[PDB]
Amino acid sequence: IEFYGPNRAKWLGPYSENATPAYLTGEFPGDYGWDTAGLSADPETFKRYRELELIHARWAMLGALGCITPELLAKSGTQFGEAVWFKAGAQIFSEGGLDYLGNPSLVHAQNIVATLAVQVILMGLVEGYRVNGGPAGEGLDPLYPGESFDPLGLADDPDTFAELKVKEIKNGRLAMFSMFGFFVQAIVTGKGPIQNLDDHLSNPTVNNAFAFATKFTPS
Amino acid sequence: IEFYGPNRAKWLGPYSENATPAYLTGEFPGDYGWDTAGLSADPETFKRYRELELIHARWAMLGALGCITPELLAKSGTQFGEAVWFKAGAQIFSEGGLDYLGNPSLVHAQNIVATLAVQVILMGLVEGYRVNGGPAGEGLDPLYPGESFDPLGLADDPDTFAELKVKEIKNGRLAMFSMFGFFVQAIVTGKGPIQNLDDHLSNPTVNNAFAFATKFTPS
Amino acid sequence: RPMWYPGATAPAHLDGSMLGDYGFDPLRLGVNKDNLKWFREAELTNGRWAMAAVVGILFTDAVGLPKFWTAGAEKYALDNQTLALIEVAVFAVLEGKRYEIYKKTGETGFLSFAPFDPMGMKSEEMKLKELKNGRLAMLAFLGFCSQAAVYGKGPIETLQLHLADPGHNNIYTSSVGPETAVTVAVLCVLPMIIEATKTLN
Ligand code: CHL
Ligand code: CHL
Ligand code: CLA
Ligand code: CLA
Ligand code: CLA
Ligand SMILES: CC1=C[C@H](O)CC(C)(C)[C@H]1/C=C/C(C)=C/C=C/C(C)=C/C=C/C=C(C)/C=C/C=C(C)/C=C/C1=C(C)C[C@H](O)CC1(C)C
Ligand SMILES: CC1=C[C@H](O)CC(C)(C)[C@H]1/C=C/C(C)=C/C=C/C(C)=C/C=C/C=C(C)/C=C/C=C(C)/C=C/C1=C(C)C[C@H](O)CC1(C)C
């Protein structure tokens, strides 16, 4: 319970090998000391990896919640068409464009190239202004700004803020691994991941994974 | 209109972020300052990238004109067999070898391994003599020699020559991107790129790209 | 300091220090300096939502869409039960900062991060201009709720029913009409009594 220090929860815990690599000893969230290949020995490259892992973690957490929500919402009390995240990307082609919430009173996007061009413009703008700063105060911190992106004001107390950092990083790692699981389920069985959830909860051991183990057999 | 200077046409124009990376400030053609990842920070590696990009650009421009010409010539008034660049490589196997121009009075290459061995010999010779120099004067410049490869003498006036450098680099970038387009059209639809041109000019919006968007669907 | 009836007094705590201070407080509500601190933003926010409601109430009755007193009655929207629970969480979150930013700074702003001015626009003597617009708008909203009342037509439809027409169909020739005449006659003679309170001191 001492991540910021030598007594962090190390990568093997009780098999910790307390001779840890000396280029990271606490002082940054998520430092769990698991460097078996050591591709981040250089400090500036290590900083790049911290920034890159933060970006990946936030994007993957957003994607993971985007993979949990719509299927459950269309399963409970709404209808989307194909709420499963496969053909949600092809809902613009089918009959009447991409109607949001499955309702012909919302977005109703007909042409995907317009979404395409506007998406490129907006994403270039926000990513450029993410790197070099810009609106809502010029960006002085590349990792965590501290400017008007926290309109609630939770970043006053430092140790709770650091705990929030560590929670953010751990959540991001879990999100990345889970989205990898989503992608592998997309490849192998190619069905709904929450359909997978319901089917495994209905079938705990009879259809586990290895009925779907003789599919990609070469011959 | 000031590529050789601080007032070059930067990668975003009036979204230029005039705080450009300091390891390139004009003085070389094609310097558009678009370094988002920064894989060419080292100067000798940057020189390698200039040389490599020049080689890629000239090779890709040669390939792009080689992808535009023969189909048009066989569509206008000549016949080649398969003028589309897919089976032009297999025209030596079909019935009577690779007859140039679609004429049994020209190259008529029967055995492809002879082309293979002579091509390796010639290409090793020309690439080795490209690196280290040799015939027609020893190579003193790896980027642009200035020796007897310009038999017309257009490299007298310096600023027009630099403009020619910039045109060459821009044409090469366009050629590389366009040849990437050719390869992707070879993958997805697998038909003639100029057949694609004619079909899209006949069908501007009914068969655009996304009829060919449900082909590589996993299941 | 132009008072609410031409030659008037000033109640002994409505001097000219407030913004829209036309010296009107006959029932002595804000006698504190602690509720003035609060009734000011009650005034500004109650008015501010109404200023944002008048635009919608006019456009929905200019363009088409079914009349506002039956707007949510029929609804092609989604899941009447739970979108109100959506309308609870974001709001309570937002209220935390509205009341918090009310507490920590002096009586002016509200948004989550700062006194909200992304522009360099007027933060000047013209806050009386928008509270003036607001106290106009609140009176404008009650009229529309009294048009969903007695006549049952919308704003612009009764605007056509009278406002190209003479004074033959107005308040006093309508259902709730004999009471308004009495209230007009009573309110008009009222400053004539308030002057008699303070003539005899
Ligand atoms: C449109 C212009 C645009 C520009 C100029 C940038 C620019 C940048 N982005 Mg951004 N982005 C842009 C659009 C978008 N980005 C993102 C999402 C991200 C993320 C998630 C991240 C960035 C990052 C970065 C930075 C460097 C990334 C890089 O080297 O790419 C090179 C990469 C590729 C060309 C593709 C790599 C694919 C990857 C290997 C996936 C492999 C998949 C897995 C193996 C599993 C696959 C399936 C499963 C089932 C096995 C750079 C500043 C990174 C960063 O800021 O790090 C500090 C970062 O982490 N961007 C999205 C969402 C789709 C965009 C949509 O338009
Ligand atoms: C036969 C002996 C031979 C020798 C010794 C050389 C030697 C050399 N060549 Mg040369 N070449 C030779 C034959 C040929 N070359 C070329 C074409 C080129 C080019 C275009 C370039 C060189 C370059 C170079 C130099 C370093 C390239 C390297 O590291 O390769 C390592 C690379 C590979 C083993 C293959 C890389 C493939 C690449 C990743 C393609 C990826 C494709 C795309 C992702 C898209 C694909 C499909 C689309 C639809 C998506 C090196 C001096 C480069 C240079 O001089 O830079 C300064 C350079 O730019 N050569 C051709 C034409 C086919 C040859 C035919 O015989
Ligand atoms: C691309 C995503 C990515 C990146 C850049 C990083 C980056 C980092 N991680 Mg990390 N991590 C990730 C995803 C990622 N992580 C995921 C998904 C998990 C959960 C499984 C973890 C779990 C983890 C732990 C437990 C620890 C780190 C640590 C580190 C740091 C040092 C290691 C290093 O140099 O990594 C460089 C990484 C790369 C160059 C990425 C290469 C990716 C290629 C495609 C190979 C991946 C193939 C993969 C092994 C096959 C199975 C995939 C499946 C497991 C998902 C560095 C900041 C250590 C640290 O000190 O934290 C700060 C540490 O103790 N990570
Ligand atoms: C392999 C081909 C290649 C190579 C080596 C370069 C090399 C260079 N380019 Mg360049 N460029 C290319 C192709 C290439 N270019 C193409 C096709 C385009 C048009 C899209 C451009 C457009 C471009 C601009 C606008 C600018 C540069 C710049 C630069 C310089 C600094 C960037 C750098 O370090 O690149 C290193 C590059 C590599 C290590 C190549 C990695 C390739 C792998 C496979 C990843 C590619 C995946 C790709 C993103 C996926 C989509 C492909 C599709 C877009 C074709 C450097 C000399 C900057 C400069 O200052 O010019 C001198 C600059 O401003 N380039
Ligand atoms: C309901 C919102 C509201 C609120 C909270 C306030 C608050 C305030 N106004 Mg105010 N005002 C409003 C609406 C409001 N106003 C409207 C709509 C008008 C135009 C008609 C005015 C016109 C006005 C003037 C001209 C003056 C004020 C002043 C004041 C301040 C001191 C007087 C006081 O103690 O009031 C406290 C009042 C309340 C707490 C409101 C209680 C609500 C009662 C209990 C119910 C009212 C219902 C009503 C009688 C029935 C509907 C009426 C309809 C039929 C016409 C105080 C900050 C004075 C001031 O200092 O200048 C700014 C002043 O001179 N106001
Ligand atoms: C550390 C280390 C160390 C040692 O030494 C070595 C090694 C081992 C190599 C290393 C490792 C590495 C790794 C593992 C990595 C991984 C990563 C990942 C997983 C990522 C993800 C990542 C992921 C991500 C970002 C994601 C993202 C996502 C997204 C956006 C999504 C989107 C979406 C949505 C919303 C929904 C819809 O409907 C669709 C989609 C489209 C789907
Ligand atoms: C810059 C940067 C920056 C940031 O930072 C990062 C990143 C983004 C990564 C980067 C990018 C990169 C890139 C994009 C690259 C690309 C390239 C290319 C496209 C190449 C091509 C390239 C291409 C090329 C050479 C080509 C060549 C070609 C050829 C020879 C051809 C041949 C031929 C012909 C004649 C005809 C016949 O019948 C057949 C064939 C066989 C077909």
# chains A, B, ... in the order shown; residues from 1 in each chain; ligands from 1
call {"tool": "calpha_fit_and_write", "arguments": {"fixed": "chain B", "moving": "chain A", "output": "PDB file with C-alpha atoms, in the first residue's frame"}}
result
ATOM      1  CA  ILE A   1       6.441  30.651 -51.902  1.00  0.00           C
ATOM      2  CA  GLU A   2       9.608  30.755 -49.824  1.00  0.00           C
ATOM      3  CA  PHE A   3      10.479  27.104 -49.161  1.00  0.00           C
ATOM      4  CA  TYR A   4      14.172  27.954 -48.667  1.00  0.00           C
ATOM      5  CA  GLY A   5      13.692  29.983 -45.514  1.00  0.00           C
ATOM      6  CA  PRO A   6      11.672  30.432 -42.323  1.00  0.00           C
ATOM      7  CA  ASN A   7       8.614  31.389 -44.427  1.00  0.00           C
ATOM      8  CA  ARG A   8       8.166  27.988 -46.065  1.00  0.00           C
ATOM      9  CA  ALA A   9       4.722  26.515 -46.712  1.00  0.00           C
ATOM     10  CA  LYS A  10       4.509  24.701 -43.385  1.00  0.00           C
ATOM     11  CA  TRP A  11       2.658  21.476 -42.640  1.00  0.00           C
ATOM     12  CA  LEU A  12      -0.544  23.184 -41.466  1.00  0.00           C
ATOM     13  CA  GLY A  13      -0.064  26.499 -43.224  1.00  0.00           C
ATOM     14  CA  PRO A  14      -2.320  28.749 -41.289  1.00  0.00           C
ATOM     15  CA  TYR A  15      -2.141  26.516 -38.261  1.00  0.00           C
ATOM     16  CA  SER A  16       1.657  26.498 -38.573  1.00  0.00           C
ATOM     17  CA  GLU A  17       2.662  26.637 -34.865  1.00  0.00           C
ATOM     18  CA  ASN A  18       5.688  28.791 -35.646  1.00  0.00           C
ATOM     19  CA  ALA A  19       7.851  27.047 -33.030  1.00  0.00           C
ATOM     20  CA  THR A  20       9.250  24.585 -35.526  1.00  0.00           C
ATOM     21  CA  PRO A  21      11.784  21.879 -34.608  1.00  0.00           C
ATOM     22  CA  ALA A  22      15.183  23.522 -34.841  1.00  0.00           C
ATOM     23  CA  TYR A  23      17.039  20.640 -36.506  1.00  0.00           C
ATOM     24  CA  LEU A  24      15.561  21.628 -39.878  1.00  0.00           C
ATOM     25  CA  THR A  25      15.004  25.248 -40.947  1.00  0.00           C
ATOM     26  CA  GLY A  26      14.907  25.409 -44.732  1.00  0.00           C
ATOM     27  CA  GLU A  27      18.123  25.103 -46.764  1.00  0.00           C
ATOM     28  CA  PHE A  28      16.987  21.705 -48.119  1.00  0.00           C
ATOM     29  CA  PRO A  29      14.121  20.896 -50.497  1.00  0.00           C
ATOM     30  CA  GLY A  30      10.992  19.269 -49.170  1.00  0.00           C
ATOM     31  CA  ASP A  31      11.494  20.462 -45.589  1.00  0.00           C
ATOM     32  CA  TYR A  32       7.852  20.865 -44.551  1.00  0.00           C
ATOM     33  CA  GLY A  33       8.517  20.493 -40.821  1.00  0.00           C
ATOM     34  CA  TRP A  34       5.984  17.708 -40.208  1.00  0.00           C
ATOM     35  CA  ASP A  35       7.770  15.699 -37.497  1.00  0.00           C
ATOM     36  CA  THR A  36       5.117  14.343 -35.135  1.00  0.00           C
ATOM     37  CA  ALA A  37       7.091  11.248 -34.064  1.00  0.00           C
ATOM     38  CA  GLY A  38      10.598  12.558 -34.752  1.00  0.00           C
ATOM     39  CA  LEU A  39      12.446   9.519 -36.087  1.00  0.00           C
ATOM     40  CA  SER A  40      15.121  11.681 -37.793  1.00  0.00           C
ATOM     41  CA  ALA A  41      16.582  13.701 -34.929  1.00  0.00           C
ATOM     42  CA  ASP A  42      20.148  12.550 -35.583  1.00  0.00           C
ATOM     43  CA  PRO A  43      21.810  14.520 -38.402  1.00  0.00           C
ATOM     44  CA  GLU A  44      23.624  11.669 -40.153  1.00  0.00           C
ATOM     45  CA  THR A  45      20.467   9.569 -39.926  1.00  0.00           C
ATOM     46  CA  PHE A  46      18.622  12.598 -41.271  1.00  0.00           C
ATOM     47  CA  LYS A  47      21.047  12.605 -44.220  1.00  0.00           C
ATOM     48  CA  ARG A  48      20.363   8.921 -44.685  1.00  0.00           C
ATOM     49  CA  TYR A  49      16.657   9.772 -44.704  1.00  0.00           C
ATOM     50  CA  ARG A  50      17.159  12.470 -47.347  1.00  0.00           C
ATOM     51  CA  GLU A  51      19.066  10.032 -49.560  1.00  0.00           C
ATOM     52  CA  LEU A  52      16.593   7.217 -48.844  1.00  0.00           C
ATOM     53  CA  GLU A  53      13.567   9.421 -49.541  1.00  0.00           C
ATOM     54  CA  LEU A  54      15.136  10.612 -52.797  1.00  0.00           C
ATOM     55  CA  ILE A  55      15.760   7.010 -53.886  1.00  0.00           C
ATOM     56  CA  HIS A  56      12.231   5.992 -52.887  1.00  0.00           C
ATOM     57  CA  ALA A  57      10.743   9.033 -54.620  1.00  0.00           C
ATOM     58  CA  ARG A  58      12.527   8.461 -57.928  1.00  0.00           C
ATOM     59  CA  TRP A  59      11.761   4.723 -57.905  1.00  0.00           C
ATOM     60  CA  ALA A  60       8.109   5.368 -57.041  1.00  0.00           C
ATOM     61  CA  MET A  61       7.720   8.032 -59.728  1.00  0.00           C
ATOM     62  CA  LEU A  62       9.142   5.588 -62.277  1.00  0.00           C
ATOM     63  CA  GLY A  63       6.714   2.926 -61.069  1.00  0.00           C
ATOM     64  CA  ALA A  64       3.764   5.315 -61.130  1.00  0.00           C
ATOM     65  CA  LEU A  65       4.335   6.316 -64.734  1.00  0.00           C
ATOM     66  CA  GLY A  66       4.830   2.625 -65.504  1.00  0.00           C
ATOM     67  CA  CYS A  67       1.382   2.051 -63.989  1.00  0.00           C
ATOM     68  CA  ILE A  68      -0.285   4.813 -66.006  1.00  0.00           C
ATOM     69  CA  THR A  69       1.200   4.273 -69.481  1.00  0.00           C
ATOM     70  CA  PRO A  70       0.723   0.687 -70.766  1.00  0.00           C
ATOM     71  CA  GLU A  71      -2.973   0.396 -69.937  1.00  0.00           C
ATOM     72  CA  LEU A  72      -3.733   3.651 -71.746  1.00  0.00           C
ATOM     73  CA  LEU A  73      -1.619   2.612 -74.734  1.00  0.00           C
ATOM     74  CA  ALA A  74      -3.397  -0.750 -75.015  1.00  0.00           C
ATOM     75  CA  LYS A  75      -6.751   0.987 -74.532  1.00  0.00           C
ATOM     76  CA  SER A  76      -6.108   3.527 -77.291  1.00  0.00           C
ATOM     77  CA  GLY A  77      -4.635   1.750 -80.295  1.00  0.00           C
ATOM     78  CA  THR A  78      -2.438  -1.210 -79.331  1.00  0.00           C
ATOM     79  CA  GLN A  79      -2.804  -4.611 -77.692  1.00  0.00           C
ATOM     80  CA  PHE A  80      -0.606  -6.177 -75.015  1.00  0.00           C
ATOM     81  CA  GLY A  81      -2.605  -9.104 -73.664  1.00  0.00           C
ATOM     82  CA  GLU A  82      -3.025  -8.152 -70.008  1.00  0.00           C
ATOM     83  CA  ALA A  83      -1.956  -4.506 -70.014  1.00  0.00           C
ATOM     84  CA  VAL A  84      -3.159  -4.259 -66.416  1.00  0.00           C
ATOM     85  CA  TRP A  85      -0.091  -4.447 -64.188  1.00  0.00           C
ATOM     86  CA  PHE A  86      -1.181  -7.645 -62.390  1.00  0.00           C
ATOM     87  CA  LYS A  87      -0.534 -10.346 -64.995  1.00  0.00           C
ATOM     88  CA  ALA A  88       2.010  -8.281 -66.917  1.00  0.00           C
ATOM     89  CA  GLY A  89       4.449 -10.077 -64.623  1.00  0.00           C
ATOM     90  CA  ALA A  90       2.953 -13.416 -65.665  1.00  0.00           C
ATOM     91  CA  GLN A  91       2.930 -12.657 -69.403  1.00  0.00           C
ATOM     92  CA  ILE A  92       6.116 -14.722 -69.750  1.00  0.00           C
ATOM     93  CA  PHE A  93       4.375 -17.904 -68.572  1.00  0.00           C
ATOM     94  CA  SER A  94       1.152 -17.834 -70.559  1.00  0.00           C
ATOM     95  CA  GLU A  95       1.709 -18.971 -74.136  1.00  0.00           C
ATOM     96  CA  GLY A  96       4.734 -17.516 -75.917  1.00  0.00           C
ATOM     97  CA  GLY A  97       6.801 -15.614 -73.400  1.00  0.00           C
ATOM     98  CA  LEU A  98       6.669 -11.881 -72.774  1.00  0.00           C
ATOM     99  CA  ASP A  99       6.325 -10.235 -76.187  1.00  0.00           C
ATOM    100  CA  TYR A 100       6.953  -6.506 -75.868  1.00  0.00           C
ATOM    101  CA  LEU A 101       4.202  -4.211 -77.203  1.00  0.00           C
ATOM    102  CA  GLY A 102       2.171  -7.370 -77.797  1.00  0.00           C
ATOM    103  CA  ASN A 103       4.219  -8.012 -80.927  1.00  0.00           C
ATOM    104  CA  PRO A 104       6.100 -11.203 -81.969  1.00  0.00           C
ATOM    105  CA  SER A 105       8.913  -9.083 -83.388  1.00  0.00           C
ATOM    106  CA  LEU A 106      10.188  -7.674 -80.078  1.00  0.00           C
ATOM    107  CA  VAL A 107      11.773  -8.891 -76.862  1.00  0.00           C
ATOM    108  CA  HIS A 108       9.987 -12.276 -76.686  1.00  0.00           C
ATOM    109  CA  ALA A 109      11.523 -13.382 -73.399  1.00  0.00           C
ATOM    110  CA  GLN A 110      11.004 -17.126 -72.959  1.00  0.00           C
ATOM    111  CA  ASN A 111      12.826 -18.037 -69.730  1.00  0.00           C
ATOM    112  CA  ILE A 112      12.284 -15.858 -66.666  1.00  0.00           C
ATOM    113  CA  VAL A 113      15.357 -17.199 -64.834  1.00  0.00           C
ATOM    114  CA  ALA A 114      17.589 -15.658 -67.505  1.00  0.00           C
ATOM    115  CA  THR A 115      15.910 -12.296 -66.941  1.00  0.00           C
ATOM    116  CA  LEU A 116      16.401 -13.105 -63.255  1.00  0.00           C
ATOM    117  CA  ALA A 117      20.157 -13.697 -63.369  1.00  0.00           C
ATOM    118  CA  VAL A 118      20.922 -10.879 -65.793  1.00  0.00           C
ATOM    119  CA  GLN A 119      18.706  -8.560 -63.742  1.00  0.00           C
ATOM    120  CA  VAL A 120      20.606  -9.405 -60.553  1.00  0.00           C
ATOM    121  CA  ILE A 121      23.971  -8.869 -62.232  1.00  0.00           C
ATOM    122  CA  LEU A 122      22.975  -5.538 -63.770  1.00  0.00           C
ATOM    123  CA  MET A 123      21.212  -4.297 -60.645  1.00  0.00           C
ATOM    124  CA  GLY A 124      24.109  -5.188 -58.374  1.00  0.00           C
ATOM    125  CA  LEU A 125      26.447  -3.387 -60.765  1.00  0.00           C
ATOM    126  CA  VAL A 126      24.346  -0.232 -61.051  1.00  0.00           C
ATOM    127  CA  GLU A 127      23.512  -0.066 -57.330  1.00  0.00           C
ATOM    128  CA  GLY A 128      27.128  -0.581 -56.292  1.00  0.00           C
ATOM    129  CA  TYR A 129      28.304   2.022 -58.784  1.00  0.00           C
ATOM    130  CA  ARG A 130      25.436   4.221 -57.515  1.00  0.00           C
ATOM    131  CA  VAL A 131      26.708   4.064 -53.943  1.00  0.00           C
ATOM    132  CA  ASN A 132      30.454   4.362 -54.529  1.00  0.00           C
ATOM    133  CA  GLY A 133      30.512   5.969 -57.979  1.00  0.00           C
ATOM    134  CA  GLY A 134      32.391   4.683 -60.984  1.00  0.00           C
ATOM    135  CA  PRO A 135      31.708   5.150 -64.692  1.00  0.00           C
ATOM    136  CA  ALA A 136      30.972   8.543 -66.258  1.00  0.00           C
ATOM    137  CA  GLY A 137      33.107  10.145 -63.565  1.00  0.00           C
ATOM    138  CA  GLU A 138      33.626   8.968 -59.998  1.00  0.00           C
ATOM    139  CA  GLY A 139      30.703   9.727 -57.715  1.00  0.00           C
ATOM    140  CA  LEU A 140      31.561  12.665 -55.465  1.00  0.00           C
ATOM    141  CA  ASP A 141      27.997  13.498 -54.341  1.00  0.00           C
ATOM    142  CA  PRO A 142      25.627  10.846 -52.933  1.00  0.00           C
ATOM    143  CA  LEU A 143      22.520  13.061 -53.167  1.00  0.00           C
ATOM    144  CA  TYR A 144      22.801  14.824 -56.545  1.00  0.00           C
ATOM    145  CA  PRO A 145      26.007  14.138 -58.499  1.00  0.00           C
ATOM    146  CA  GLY A 146      26.204  16.938 -61.060  1.00  0.00           C
ATOM    147  CA  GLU A 147      28.353  14.828 -63.407  1.00  0.00           C
ATOM    148  CA  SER A 148      27.318  13.522 -66.836  1.00  0.00           C
ATOM    149  CA  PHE A 149      23.751  12.592 -65.916  1.00  0.00           C
ATOM    150  CA  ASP A 150      22.326  15.967 -67.045  1.00  0.00           C
ATOM    151  CA  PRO A 151      23.271  16.036 -70.714  1.00  0.00           C
ATOM    152  CA  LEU A 152      21.020  19.088 -71.327  1.00  0.00           C
ATOM    153  CA  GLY A 153      22.619  21.411 -68.786  1.00  0.00           C
ATOM    154  CA  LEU A 154      19.696  22.645 -66.687  1.00  0.00           C
ATOM    155  CA  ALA A 155      21.733  22.872 -63.457  1.00  0.00           C
ATOM    156  CA  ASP A 156      23.503  26.168 -64.211  1.00  0.00           C
ATOM    157  CA  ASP A 157      21.136  28.648 -62.558  1.00  0.00           C
ATOM    158  CA  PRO A 158      20.964  27.846 -58.822  1.00  0.00           C
ATOM    159  CA  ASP A 159      17.527  29.034 -57.668  1.00  0.00           C
ATOM    160  CA  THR A 160      15.655  27.409 -60.560  1.00  0.00           C
ATOM    161  CA  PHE A 161      17.673  24.262 -59.826  1.00  0.00           C
ATOM    162  CA  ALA A 162      16.538  24.418 -56.193  1.00  0.00           C
ATOM    163  CA  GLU A 163      12.946  24.864 -57.366  1.00  0.00           C
ATOM    164  CA  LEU A 164      13.490  21.769 -59.504  1.00  0.00           C
ATOM    165  CA  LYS A 165      14.695  19.982 -56.360  1.00  0.00           C
ATOM    166  CA  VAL A 166      11.511  20.922 -54.510  1.00  0.00           C
ATOM    167  CA  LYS A 167       9.341  19.906 -57.469  1.00  0.00           C
ATOM    168  CA  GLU A 168      11.195  16.587 -57.631  1.00  0.00           C
ATOM    169  CA  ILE A 169      10.602  15.908 -53.939  1.00  0.00           C
ATOM    170  CA  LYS A 170       6.927  16.910 -54.071  1.00  0.00           C
ATOM    171  CA  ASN A 171       6.368  14.789 -57.175  1.00  0.00           C
ATOM    172  CA  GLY A 172       8.071  11.897 -55.411  1.00  0.00           C
ATOM    173  CA  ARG A 173       5.877  12.195 -52.329  1.00  0.00           C
ATOM    174  CA  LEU A 174       2.784  12.289 -54.526  1.00  0.00           C
ATOM    175  CA  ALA A 175       4.055   9.290 -56.486  1.00  0.00           C
ATOM    176  CA  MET A 176       4.661   7.290 -53.304  1.00  0.00           C
ATOM    177  CA  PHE A 177       1.197   8.055 -51.933  1.00  0.00           C
ATOM    178  CA  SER A 178      -0.410   7.292 -55.296  1.00  0.00           C
ATOM    179  CA  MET A 179       1.415   3.976 -55.646  1.00  0.00           C
ATOM    180  CA  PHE A 180       0.189   3.135 -52.159  1.00  0.00           C
ATOM    181  CA  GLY A 181      -3.268   3.833 -53.560  1.00  0.00           C
ATOM    182  CA  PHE A 182      -2.487   1.524 -56.481  1.00  0.00           C
ATOM    183  CA  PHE A 183      -1.461  -1.237 -54.066  1.00  0.00           C
ATOM    184  CA  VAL A 184      -4.580  -0.815 -51.927  1.00  0.00           C
ATOM    185  CA  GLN A 185      -6.732  -0.946 -55.057  1.00  0.00           C
ATOM    186  CA  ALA A 186      -4.801  -4.094 -55.990  1.00  0.00           C
ATOM    187  CA  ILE A 187      -5.743  -5.607 -52.632  1.00  0.00           C
ATOM    188  CA  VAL A 188      -9.360  -4.561 -52.124  1.00  0.00           C
ATOM    189  CA  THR A 189     -10.972  -4.607 -55.562  1.00  0.00           C
ATOM    190  CA  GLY A 190      -8.168  -6.336 -57.471  1.00  0.00           C
ATOM    191  CA  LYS A 191      -9.143  -4.800 -60.812  1.00  0.00           C
ATOM    192  CA  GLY A 192      -7.535  -2.330 -63.184  1.00  0.00           C
ATOM    193  CA  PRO A 193      -6.740   1.032 -61.599  1.00  0.00           C
ATOM    194  CA  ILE A 194      -7.529   2.760 -64.891  1.00  0.00           C
ATOM    195  CA  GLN A 195     -10.515   0.452 -65.176  1.00  0.00           C
ATOM    196  CA  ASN A 196     -11.303   1.918 -61.755  1.00  0.00           C
ATOM    197  CA  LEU A 197     -10.821   5.387 -63.238  1.00  0.00           C
ATOM    198  CA  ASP A 198     -13.222   4.713 -66.110  1.00  0.00           C
ATOM    199  CA  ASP A 199     -15.764   3.030 -63.819  1.00  0.00           C
ATOM    200  CA  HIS A 200     -15.775   5.885 -61.303  1.00  0.00           C
ATOM    201  CA  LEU A 201     -16.014   8.433 -64.114  1.00  0.00           C
ATOM    202  CA  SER A 202     -18.993   6.460 -65.416  1.00  0.00           C
ATOM    203  CA  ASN A 203     -20.313   5.918 -61.858  1.00  0.00           C
ATOM    204  CA  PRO A 204     -19.435   8.925 -59.714  1.00  0.00           C
ATOM    205  CA  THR A 205     -21.488   8.139 -56.604  1.00  0.00           C
ATOM    206  CA  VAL A 206     -23.362   4.834 -56.956  1.00  0.00           C
ATOM    207  CA  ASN A 207     -20.227   2.642 -56.739  1.00  0.00           C
ATOM    208  CA  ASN A 208     -17.857   4.883 -54.837  1.00  0.00           C
ATOM    209  CA  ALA A 209     -15.908   2.818 -52.308  1.00  0.00           C
ATOM    210  CA  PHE A 210     -18.328   1.204 -49.853  1.00  0.00           C
ATOM    211  CA  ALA A 211     -19.897  -1.357 -52.115  1.00  0.00           C
ATOM    212  CA  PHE A 212     -16.362  -2.762 -51.782  1.00  0.00           C
ATOM    213  CA  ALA A 213     -16.462  -2.466 -47.983  1.00  0.00           C
ATOM    214  CA  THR A 214     -18.012  -5.801 -46.918  1.00  0.00           C
ATOM    215  CA  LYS A 215     -15.513  -8.079 -48.678  1.00  0.00           C
ATOM    216  CA  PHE A 216     -12.903  -8.839 -45.992  1.00  0.00           C
ATOM    217  CA  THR A 217     -15.484  -9.536 -43.289  1.00  0.00           C
ATOM    218  CA  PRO A 218     -14.303 -12.048 -40.660  1.00  0.00           C
ATOM    219  CA  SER A 219     -16.683 -14.699 -39.385  1.00  0.00           C
TER     220      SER A 219
END
call {"tool": "atom_distance", "arguments": {"atom1": "atom CA of residue 33 of chain C", "atom2": "atom 4 (C, counted along the ligand's line) of ligand 5"}}
result
14.6 Å
call {"tool": "atom_distance", "arguments": {"atom1": "atom CA of residue 131 of chain C", "atom2": "atom CA of residue 183 of chain C"}}
result
26.6 Å
call {"tool": "residues_near_ligand", "arguments": {"ligand": "ligand 5", "cutoff": "9 Å", "atoms": "only C-alpha atoms and all ligand atoms", "output": "JSON, numbers by chain"}}
result
{"C": [3, 4, 13, 14, 15, 16, 17, 18, 19, 20, 21, 22, 23, 24, 25, 26, 27, 28, 29, 30, 31, 32, 35, 36, 37, 38, 39, 40, 41, 42, 43, 44, 45, 46, 47, 128, 131, 132, 134, 135, 136, 137, 138, 139, 142]}
call {"tool": "interface_residues", "arguments": {"of": "chain C", "to": "chain A", "cutoff": "9 Å", "atoms": "only C-alpha atoms", "output": "list in words"}}
result
residues 76, 77, 78, 79, 93, 94, 96, 97, 111, 112, 113, 114 and 118 of chain C
call {"tool": "select_by_dssp", "arguments": {"residues": "segment 37-180 of chain C", "states": "alpha helix (DSSP H)", "output": "ChimeraX atom specification"}}
result
/C:37-62,83-104,127-145,155-163,178-180
call {"tool": "atom_distance", "arguments": {"atom1": "atom CA of residue 7 of chain C", "atom2": "atom CA of residue 190 of chain C"}}
result
13.3 Å
